[PDB]
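Participant: Could you have a look at this structure, given as C-alpha cells, before my questions?
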Amino acid sequence: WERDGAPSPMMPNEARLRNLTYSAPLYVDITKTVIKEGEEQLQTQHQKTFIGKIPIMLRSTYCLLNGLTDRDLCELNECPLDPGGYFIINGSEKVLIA
Amino acid sequence: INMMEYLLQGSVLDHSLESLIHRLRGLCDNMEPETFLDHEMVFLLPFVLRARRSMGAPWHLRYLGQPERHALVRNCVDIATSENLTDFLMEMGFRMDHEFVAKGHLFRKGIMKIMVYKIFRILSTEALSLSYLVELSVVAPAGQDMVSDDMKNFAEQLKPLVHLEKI
Amino acid sequence: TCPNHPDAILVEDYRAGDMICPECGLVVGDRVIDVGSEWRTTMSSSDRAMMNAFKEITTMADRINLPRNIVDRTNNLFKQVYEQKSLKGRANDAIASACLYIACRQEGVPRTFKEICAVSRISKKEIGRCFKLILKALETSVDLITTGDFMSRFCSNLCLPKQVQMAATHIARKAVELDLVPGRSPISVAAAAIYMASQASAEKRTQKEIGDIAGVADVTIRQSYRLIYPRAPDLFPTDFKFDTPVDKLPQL
Amino acid sequence: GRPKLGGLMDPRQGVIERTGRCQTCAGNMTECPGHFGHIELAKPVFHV
Amino acid sequence: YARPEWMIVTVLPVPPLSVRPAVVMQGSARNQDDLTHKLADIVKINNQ
Amino acid sequence: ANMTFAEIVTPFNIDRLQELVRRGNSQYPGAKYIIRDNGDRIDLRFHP
Amino acid sequence: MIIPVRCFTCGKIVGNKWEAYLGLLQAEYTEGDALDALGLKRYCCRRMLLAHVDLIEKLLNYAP
Amino acid sequence: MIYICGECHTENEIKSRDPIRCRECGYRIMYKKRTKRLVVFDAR
Amino acid sequence: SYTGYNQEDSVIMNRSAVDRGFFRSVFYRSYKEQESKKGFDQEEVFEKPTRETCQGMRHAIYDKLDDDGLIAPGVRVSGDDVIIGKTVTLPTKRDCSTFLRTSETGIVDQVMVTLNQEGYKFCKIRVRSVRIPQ
Amino acid sequence: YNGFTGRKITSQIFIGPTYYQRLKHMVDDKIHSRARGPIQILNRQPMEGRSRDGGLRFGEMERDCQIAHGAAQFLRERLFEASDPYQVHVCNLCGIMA
Ligand SMILES: [Zn+2]
Ligand SMILES: [Zn+2]
Ligand SMILES: [Zn+2]
Ligand SMILES: [Zn+2]
Ligand SMILES: [Zn+2]
C-alpha cells in the first residue's frame, strides 16, 4: 500500500530494494449470530474480514513468481536460477532453518 | 611573524617631571634625548587604526588588537607606510573621528622604551591634560612571560615618582 | 582554547579524537572528542494514557494500511495536544482519530472523515469536533483538500485502469476550475468524476459501488454527476479512448 | 539550561562539557579526575 | 579504619560526573546516566 | 606509517629527527607528533 | 561473465575466438576439434574456451 | 538533479522538497544518473 | 617448492596472470540511510550541509555530494569521504552525515532513493571496489 | 625450467589444470592498526573510531605469557601505559585522594 492508500502488487525485487516485507493479506469469513432472548436470532456474515498479513515464501504457490516462465522472471528482474524458499522481511532475505 | 606588546601607563605632574626627566635619563642608557612631535589619528571602519606623522620620517601606522601577569598585552602589527596614506585610507572607506598631536621626550632601554608626553587636542593646539603620561611599550615577537617580568623590576625602580599600572 | 591563540577555532580530528589548533597544530585535549559517537560512519497515569493512545493509533493506522511515518506524525500530534490539555474533556480515542486525520492531511494523503470513522469507534461528528479543537490548540492549519487527493485511492480500490484514473482526475480538476460544482464537497466531485470516467471506459462501476468506496451517497454522486454531465466532452481529456462515446454516457 | 550548584550535575563535582573546566581544580575533562558530592539523609539508611 | 556505626548510611556519597558521564543522543538530548536517574530519585525522596 | 615510536631528541639524533619532522606524516618515513618539554602535543600534518 | 581477452597463463589472444568456437559447435565440431581449428594448441589456452561460462548473454536479458 | 525511473527508465528533474516519484510512470524507485565528473581508469 | 614462498599452506601466484584478470573480483558494499521525521522538532533531511550553517561539521570535504545530499554514481570515494549528507535539526542543525570505511576505496556504483516500509525517504548507495589478487 | 636461470629443474614437476576458488577473506578487509587512537567515555580505553583502530585485546593469556617472560616493564606498559595511562594526587596521611 502506497502512502496514498492505493494497493499494488509487490514484486520481490521491489520489496528487497524498498525494505518491505513480502506479505500477503489474510481474510476470514466471520459469522456473528446474536440471540436476543426474544425468540429470534440474527445471523450476519462478514465476508473477507482482514485479520493480518502472512509473510510469503518466494517461489511458493502463493508468491507472485509462481508458474512464471524464465522469461517472465527476467522481465521482473528475478534470476530464474534463484530457488526461492525464503522470506523477505524488511528487505532482508530470511531462511527458516529446519 | 607577529608580535604583541607589553605596555602599562601612568601620569606625572608638571613640577614632578623636572625630577622625572633627570631620573629616567640617568637610570637608563642614552645620550641627549630627542623631543618627538607627532600628529596621530584614529581610524574606524571595529579595526581601530592609528596613523602617526612626525615632524621627515614616513607615516607610521599601528594596529592594536583586543587585550589578551602584571602587564597589558594586545596583538599588534605595526607597518611603516609612505606619504599620502591619509587620502589612501579615505578611498578605503575608513572615517576619521578625531586626531591629536603628542609632545614630549622618550628614553630607551635594552628593549623597552619610555616616552613622556602630553596629549594635545586639535580643532590650534590645546593641552587636554596638565600632566604628562608615561608607558613602557615593549615589542617582542612570540611574547613570553620572561619579557614581561623584566618590566616589573624597572617599574619598581620608577615607583617612587610615578606609580603606574595597566588599565 | 589554544593558550597562545586568543579566540582560536580548534579543528576536530577523527584519528585521535582531539581538537587541535590549525595554525600551530597544538593538541588541546588528548582524546576529548569521542569520535565513536561524534562520527556516525508503576507507570504514571498520563504516560499510561499516552501509551494506550499510541496503541490505538497504531491499530487504526494498520486497519487502513497507513505508513509508519504517518503513525509517528500522529503520535507527535497526540503528544502535543495531550500535554496542551485543551481537549482533556474529550475522549482519548476521539483525540487520536482526529490526530490521525490531521497527520494524513499534513502528509498530503488525506483520508475522509468517514474513512477515519470506519477504522475508529468514534463517530464522524466527534472526530470533526476534536479535529477543530486540535487545530485551534496547535495554532496550525491544514491545506484545503482537492479532488485529486482521493483519486488514486478511490480508483485503486475500484480497480480502475490508470487511464481511467487519469481521466477521472482530469475531469474533477477541470470541473473545479470551471466552477461547475460550487460548494460541492471534493469527495463528491471526485466520486462523480470517477463515475463519469468509468461509464466512458470499458470498466464500468455502478453508483452504489463508487459510493461504497468513496463514502458518498449515490444520490450525492448523482447530483454532482448531473452538474458535470452537460460539459462532459469539455471535461474529458483530449487523448481519451472512449469505449462509450461521451454523447451516449448515462443521463441521470 | 546551565549548571546549578547543589544539583546532580553540580559543576563542582567535575567537568560538564568537553570544552569546559570545573571550578574546583580548574582542570579540563582529561585532567580533572572528578570530585565527589554528598547527600544528607534525614533518616539513617541501612547499607545493602 | 572501620567503625560499625559507619556501616549505616547517614550521608550518601554522590559519584563525580566522570563516574557517570552524561551522554548525548539524537542531537543534543543529554541522556543522563542510570546513576543520575537514581540520584534524582534519592534526592526527591530525601527532600520529601 | 600508522604506528609510531617516540624518540627523545638528542644531539646525536637531532638532525635525523629534524629531517623526519620535515618529512612529516605525509610521506613515510616521517613523524606524526612533536612533544615539547612542556608535555604538549603538536600535530605535524595540521601544522606544516 | 565474458570471454577473457588473453589466456591467463601465456597471454595468447583468446577473446576473439568465442563466437567462432560457438559457430563450430553449431557446425557439429567436437570441442577438441573446434579448439584445434581455432588454433589453441596449448592446454592453457584450450582451458579458456573449454571452461568459459558466458553469463553476459543472460545478463543482457534484463532491461537496462 | 536528474533521476531515472527504475521501471520505465525516464529521466526527470526532482528538487529537495518534492516527493521522489516518476512524473508519468508513478514508480517510486529512482536512480541517480551518472555524474558528469569524469573519472580516469588505468587499464590495468 | 620453487622459492619457499608457498611453504606451510601458502601459494605462489602468477603476477602476469593476475594482470590478465586472473581471479580478479568486484566487492559491492551497500549503505542504507533513512531520513526520519520522528520527534517534536527532530527531523532528518538529505542535503549537503555547510561549515557554518550546522552546529558542527568535520574537516572532510563535502564537495562530492550533490544538491540533494547524495553522492552521484561514478565518483571515486576513499576514506574520510561523505557519501550521504544528512542534517538533524537541533532541539541550528547538527550534522548527521555518514562516512565510509577508511580502508575502503571504491567508486559509487548505484544510488537509489525510495520510501521504505515506514514511508520515510531513504537512499541505498552501492560502492564498487575492485579487488585484484595480492 | 627455472625462470631465473632457465636451467632444467632436476625433478620433474607435477603440473596441470585444477579448479581453484578465491575465498572472501582478503587481507585488505583484515589489516588494521592502532596507534594513539580514540578512547571511550568511562573506561578511557581504546575503541575503534572512524576506522579499524580499536586496538588489540591484551588478554589474561598474554599477561601470563609476559609474566613468564619476566618483562615486567613491558607488561606494565601494555596494560597501563598503552591502554589508559592516568595519574592522581593522593594524600599521604589518608589514602583516599582529594
Ligand atoms: Zn595554536
Ligand atoms: Zn576538577
Ligand atoms: Zn595459453
Ligand atoms: Zn517510470
Ligand atoms: Zn588526607
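So the protein lines, in turn, are chains X, D, P, Y, H, V, B, U, L and F.
Heads up, the entry's author numbering is the position in the first sequence plus 98, with the first residue counted as 1.
Those letters in the second sequence? Residues 16 to 60, 67 to 76, 80 to 92, 98 to 152, 159 to 202, by the entry's author numbering.
Those letters in the third sequence? Residues 14 to 54, 106 to 316, by the entry's author numbering.
Heads up, the entry's author numbering is the position in the fourth sequence plus 49, with the first residue counted as 1.
Heads up, the entry's author numbering is the position in the fifth sequence plus 241, with the first residue counted as 1.
Heads up, the entry's author numbering is the position in the sixth sequence plus 385, with the first residue counted as 1.
To convert, note that position 33 of the seventh sequence is 33 in the entry's author numbering; the numbers rise steadily by one, no gaps.
Heads up, the entry's author numbering is the position in the eighth sequence plus 14, with the first residue counted as 1.
Those letters in the ninth sequence? Residues 784 to 874, 888 to 930, by the entry's author numbering.
Heads up, the entry's author numbering is the position in the tenth sequence plus 1028, with the first residue counted as 1.
All residues carry an ideal CB built from backbone N, CA and C; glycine is no exception.
1) Would you please verify whether the beta carbon of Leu115 (chain X) is less than 7 Å from any beta carbon of chain U?
2) From this set, L:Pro832, L:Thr894, L:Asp905, which residue's C-alpha is nearest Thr872 (chain L)'s C-alpha?
3) Determine the chain U residues that contact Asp849 (chain L) at a beta-carbon separation under 9 Å, and present them in chain order.
4) Write down every uninterrupted run of the beta strand (DSSP E) in the region 804 to 846 of chain L whose length is 3 residues or greater and which is fully enclosed by it, in chain order.
5) Considering only heavy atoms of ligand 1, does any lie closer than 6 Å to the CB of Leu39 (chain P)?
6) Do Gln267 (chain H) and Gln825 (chain L) have their beta-carbon atoms positioned less than 7 Å apart in this structure?
7) At a threshold of 6 Å, does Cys74 (chain Y) count as lining ligand 5 (C-beta to nearest heavy atom)?
8) If you draw a straight line from the alpha carbon of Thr284 (chain P) to that of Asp168 (chain X), how long is it in whole angstroms?
9) Looking at the C-beta of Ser1061 (chain F), does it have a partner C-beta in chain L at a distance below 7 Å?
10) Report yes or no: do three or more beta-carbon pairs, one from the region 121 to 130 of chain X and one from the region 149 to 159 of chain X, lie closer than 8 Å?
11) State yes or no: is the beta carbon of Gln267 (chain H) nearer than 7 Å to at least one beta carbon in chain E?
12) Check the Cβ of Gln930 (chain L) against every Cβ in chain F and list those closer than 9 Å, keeping chain order.
13) Does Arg927 (chain L) get closer than 7 Å to chain F when you measure Cβ to Cβ?
14) Excluding the five sequence neighbours on either side, which residues of its own chain have a C-beta within less than 6 Å of the C-beta of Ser861 (chain L), listed in chain order?
15) Less than 6 Å separating the Cβ of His432 (chain V) from some heavy atom of ligand 1?
16) Quick one: using the 10 Å Cβ neighbour count with 16 as the cut-off for buried, is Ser784 (chain L) buried or exposed?
17) Spatial neighbours of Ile249 (chain H) within its chain, please: C-beta separation below 6 Å, excluding the five flanking residues on both sides.
18) I'd like to know whether the C-beta atoms of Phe177 (chain P) and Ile159 (chain P) end up nearer to each other than 7 Å.
19) Which word fits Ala29 (chain P), buried or exposed, when buried means at least 16 other C-beta atoms lie within 10 angstroms of its C-beta?
20) So, does the region 34 to 43 of chain U touch the region 839 to 850 of chain L, judging by three or more C-beta pairs under 8 Å?
21) Report all residues from its chain with a CB closer than 8 Å to the CB of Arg1072 (chain F); omit the five preceding and five following residues, and keep chain order.
22) In this structure, does DSSP put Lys200 (chain P) in helix, strand or coil?
23) If we call anything under 7 Å between Cβ atoms a contact, is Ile148 (chain D) one with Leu135 (chain D)?
24) Is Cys892 (chain L) close to ligand 4? I mean its beta-carbon at under 6 Å from any heavy atom of the ligand.
25) Check whether the Cβ of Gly69 (chain Y) sits closer than 6 Å to any heavy atom of ligand 2, and report yes or no.
26) Between the beta-carbon of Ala1063 (chain F) and the beta-carbon of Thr395 (chain V), is there less than 7 Å?
27) Compile a chain-ordered list of the residues in the region 21 to 37 of chain P whose CB is closer than 8 Å to at least one CB of chain F.
28) Can you list, in chain order, the residues of its chain whose CB lies under 6 Å from that of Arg408 (chain V), leaving out five sequence neighbours each side?
29) I believe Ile277 (chain P) touches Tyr259 (chain P) by the beta-carbon criterion, under 8 Å. Please report the beta-carbon distance rounded to the nearest angstrom.
30) Leaving out five residues before and five after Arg807 (chain L) in sequence, what residues of the same chain have Cβ atoms less than 6 Å from its Cβ?
31) Taking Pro874 (chain L) as the query, report the chain H residues whose CB atoms sit under 9 Å from its CB, ordered along the chain.
32) Give me, in chain order, the residues of the same chain whose beta-carbon lies closer than 7 Å to that of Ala37 (chain B); leave out the 5 immediate sequence neighbours on both sides.
33) Indicate, with yes or no, if ligand 2 has a heavy atom lying under 6 Å from the CB of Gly63 (chain Y).
34) From P:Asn156, P:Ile46, P:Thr302, pick the residue whose C-alpha is nearest to that of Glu120 (chain P); which is it?
35) Under the assumption that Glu25 (chain P) contacts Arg798 (chain L) (Cβ atoms under 8 Å), give the Cβ distance between them as a whole number of angstroms.
36) From the DSSP output, read off the bridge partner residues of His127 (chain D).
Facilitator: The short version:
1) Counting from one through the first sequence, the residue named residue 115 (chain X) turns up at place 17. It does: the Cβ of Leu115 (chain X) has a partner Cβ on chain U nearer than 7 Å.
2) As a first step, residue 872 (chain L) is located in the ninth sequence; it is residue number 89 there, counting from the start. Taking only the C-alpha atoms, the option nearest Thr872 (chain L) is L:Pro832.
3) In the ninth sequence, residue 849 (chain L) corresponds to position 66, counting from 1. Neighbours of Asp849 (chain L) on chain U, chain order: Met15, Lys46, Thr49.
4) 808 to 817, 827 to 829
5) What you label residue 39 (chain P) is simply residue 26 of the third sequence in a count that begins at 1. Because some heavy atom of ligand 1 lies under 6 Å away, the Cβ of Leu39 (chain P) counts as near it: yes.
6) Here residue 825 (chain L) corresponds to residue number 42 of the ninth sequence, with the count starting at 1. Here residue 267 (chain H) corresponds to residue number 26 of the fifth sequence, with the count starting at 1. The answer is yes: Cβ separation under 7 Å.
7) Here the question's residue 74 (chain Y) lines up with position 25 in the fourth sequence. The answer is no for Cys74 (chain Y).
8) For the purposes of this step, residue 284 (chain P) is taken as the residue at position 220 of the third sequence. For the purposes of this step, residue 168 (chain X) is taken as the residue at position 70 of the first sequence. Computed Cα separation, rounded: 50 Å.
9) Within the tenth sequence, residue 1061 (chain F) is the residue found at index 33, counting from 1. Chain L, which has no Cβ nearer than 7 Å to the Cβ of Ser1061 (chain F), makes this no.
10) yes
11) The displayed structure is made up of protein chains X, D, P, Y, H, V, B, U, L and F, and chain E is not among them.
12) Translated into the one-based positions of the ninth sequence, residue 930 (chain L) becomes position 134. Here the neighbours are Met1054, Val1055, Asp1056.
13) What you label residue 927 (chain L) is simply residue 131 of the ninth sequence in a count that begins at 1. For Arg927 (chain L), the answer is yes, since a Cβ of chain F falls inside 7 Å of its Cβ.
14) Within the ninth sequence, residue 861 (chain L) is the residue found at index 78, counting from 1. Counting only Cβ-Cβ distances below 6 Å, and skipping sequence neighbours, we find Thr901.
15) Here residue 432 (chain V) refers to the residue found at position 47 of the sixth sequence. Result no, Cβ not under 6 Å from ligand 1.
16) Position 1 of the ninth sequence, counting from 1, holds the residue named residue 784 (chain L). With fewer than 16 Cβ atoms within 10 Å of its Cβ, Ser784 (chain L) is classed as exposed.
17) Counting from 1 along the fifth sequence, the entry for residue 249 (chain H) is found at position 8. If we look at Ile249 (chain H) and ignore the five residues flanking it on each side, it has no Cβ neighbours.
18) Here residue 177 (chain P) is taken as the residue at index 113 of the third sequence, counted from 1. Here residue 159 (chain P) is taken as the residue at index 95 of the third sequence, counted from 1. Cβ distance not < 7 Å, so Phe177 (chain P) and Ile159 (chain P) don't count as in contact.
19) The residue you call residue 29 (chain P) lines up with position 16 of the third sequence. Per the 10 Å Cβ criterion, buried.
20) no
21) By 1-based counting over the tenth sequence, the position of residue 1072 (chain F) is 44. Excluding residues within five positions, the ones whose Cβ falls inside 8 Å are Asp1112, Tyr1114.
22) Counting from one through the third sequence, the residue named residue 200 (chain P) turns up at place 136. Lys200 (chain P): helix per DSSP, three-state reduction.
23) Residue mapping note: residue 148 (chain D) aligns to position 119 of the second sequence, counting from 1. Residue mapping note: residue 135 (chain D) aligns to position 106 of the second sequence, counting from 1. In this structure, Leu135 (chain D) does not lie closer than 7 Å to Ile148 (chain D) by Cβ.
24) Here residue 892 (chain L) corresponds to residue number 96 of the ninth sequence, with the count starting at 1. Answer for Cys892 (chain L): no, Cβ out of range of ligand 4.
25) Within the fourth sequence, residue 69 (chain Y) is the residue found at index 20, counting from 1. Not so, every heavy atom of ligand 2 lies at least 6 Å from the Cβ.
26) Along the tenth sequence, one-based indexing puts residue 1063 (chain F) at 35. Along the sixth sequence, one-based indexing puts residue 395 (chain V) at 10. Taking 7 Å as the Cβ cut-off, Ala1063 (chain F) and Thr395 (chain V) do not qualify as a contacting pair.
27) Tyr27, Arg28, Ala29, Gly30
28) As a working note, residue 408 (chain V) is residue 23 in the sixth sequence. Here the set comprises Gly415.
29) Residue mapping note: residue 277 (chain P) aligns to position 213 of the third sequence, counting from 1. Residue mapping note: residue 259 (chain P) aligns to position 195 of the third sequence, counting from 1. Rounded, the Cβ-Cβ distance is 11 Å, inconsistent with contact.
30) Working through the ninth sequence from its first residue, we reach residue 807 (chain L) at position 24. Around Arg807 (chain L): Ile928.
31) Residue mapping note: residue 874 (chain L) aligns to position 91 of the ninth sequence, counting from 1. Correct list: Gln267, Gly268, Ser269, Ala270.
32) The residue given as residue 37 (chain B) occupies position 37 in the seventh sequence. Excluding positions up to five away in sequence, the list reads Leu24, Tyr29.
33) Position 14 of the fourth sequence, counted from the first residue, corresponds to residue 63 (chain Y). True, at least one ligand heavy atom lies under 6 Å from that Cβ.
34) In the third sequence, the residue the question calls residue 120 (chain P) occupies position 56. Of P:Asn156, P:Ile46, P:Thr302, the residue nearest in Cα terms is P:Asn156.
35) If you number the third sequence from 1, residue 25 (chain P) lands on position 12. If you number the ninth sequence from 1, residue 798 (chain L) lands on position 15. Actually they do not touch by this definition, with Cβ atoms about 43 Å apart.
36) Looking up residue 127 (chain D) in the second sequence gives position 98. According to DSSP, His127 (chain D) bridges with nothing at all.
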